[PDB]
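In structure tokens, the next block holds one chain alone, the form deposited in one PDB entry.
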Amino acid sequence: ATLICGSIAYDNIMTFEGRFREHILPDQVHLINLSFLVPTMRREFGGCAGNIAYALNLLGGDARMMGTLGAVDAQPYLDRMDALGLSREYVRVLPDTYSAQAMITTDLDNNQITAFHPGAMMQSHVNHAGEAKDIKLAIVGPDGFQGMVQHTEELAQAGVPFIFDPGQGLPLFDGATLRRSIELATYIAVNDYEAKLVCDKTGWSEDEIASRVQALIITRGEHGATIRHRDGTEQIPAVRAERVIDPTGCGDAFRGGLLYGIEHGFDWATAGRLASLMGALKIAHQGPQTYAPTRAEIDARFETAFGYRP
């Protein structure tokens, strides 16, 4: 039983089939102008807690989402949760407010620029992580600020180890509130851009961050991930992608892997290789939760890549 704290949201995703990096011109006053053709809209199921629970559930883990929806557009997400066998124990639905929505425009480098309507996520703190029953592991992901803070406080007071993924909630934090949460965290899992943002805001070095947690994990897209102890660092490979369609959700799939790895007491290598696999399988499909491998399929792909079953 793994408590999954984070946004539950509707995503509207616009993926440039290319890399923003190729189209930056520093020398101009206009740094980048792009206009790319896209077909009909399709609203996706997303949010950080949503994505992480999905990935964990794909692996055959027990995933308890803790987060907030709004009653006006809740049902299609609640029904999906029901159809998938995801518990709504800590999924709170608030009468007469809208659920979070993310307008995400991105490229194949996962440079997500999101216009975010927090909606019901502004109330995330109505859930109390401490109250959760028989939790073995948790993750605290991007969410309402008061929610993120509270979740870290209650889980550390409960001695429930958690991964802390501030991700897209970093702007809500300051030096003092980011340091506090990182002090309460068992693991920190960020992408390399977020690590630098964290380094800046905390005024801490990576060395100083790694000293305070059990593991510092930094994902770097197609270049894999780093799993840092204070006594060692595993270099995690990227599983070469069948094809690259949409990286939106890759962070969250990877954390699906991590959470499974940790709760089963995998070695750090195997934990990260499994996380990295989830990352590679997602990127081949449009949206955070459009991939749907079977666990036998995940298992087969893992043994092909690495020569053993997880």
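Numbering starts at 1 and follows the sequence shown. Think of the rigid core as the biggest set of C-alphas that the two forms share within 1.5 Å after superposition.
Here 124 to 132 and 148 to 156 are compared by their mean Cα B-factor, and 124 to 132 comes out higher. Higher mean CA temperature factor, per the PDB entry, when comparing 75 to 83 with 107 to 115: 75 to 83. Comparing C-alpha B-factors across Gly70, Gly272, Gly249, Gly50 in the deposited entry, the largest value falls on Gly70. Across the options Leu94, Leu197, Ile218, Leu178, the residue with the most elevated CA B-factor in the record is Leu94. The PDB entry assigns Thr294 a C-alpha temperature factor belonging to the highest third of its chain's modelled residues. Placement of the Cα temperature factor of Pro26 within the chain: highest third of the modelled residues, per the deposited record. Ranked by C-alpha B-factor against the other modelled residues of its chain, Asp143 falls in the lowest third. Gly167: CA B factor lies in the lowest third for its chain, per the PDB record.
Placement of the Cα temperature factor of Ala241 within the chain: highest third of the modelled residues, per the deposited record.
Form deposited in another entry: not shown, discussed below.
Taking the core as reference between this form and the one not shown, the lone member of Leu84, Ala71, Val126, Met103 whose Cα moves by 2 Å or more is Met103. Once both forms are fitted on their core, a CA shift of 2 Å or more is seen for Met14 between this form and the one not shown. Once you line up the core between this form and the one not shown, the Cα of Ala176 stays within less than 2 Å of where it was. With a cut-off of 2 Å and the rigid core superposed, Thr114 has a Cα displacement that reaches or exceeds the cut-off between this form and the one not shown. Between the C-alpha atoms of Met14 and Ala74, a gap narrowed by no less than 3 Å is obtained in the other entry, as opposed to the form on display.
If you compare C-alpha positions, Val38 and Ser99 are 3 angstroms or more closer together in the other entry than in the form on display.
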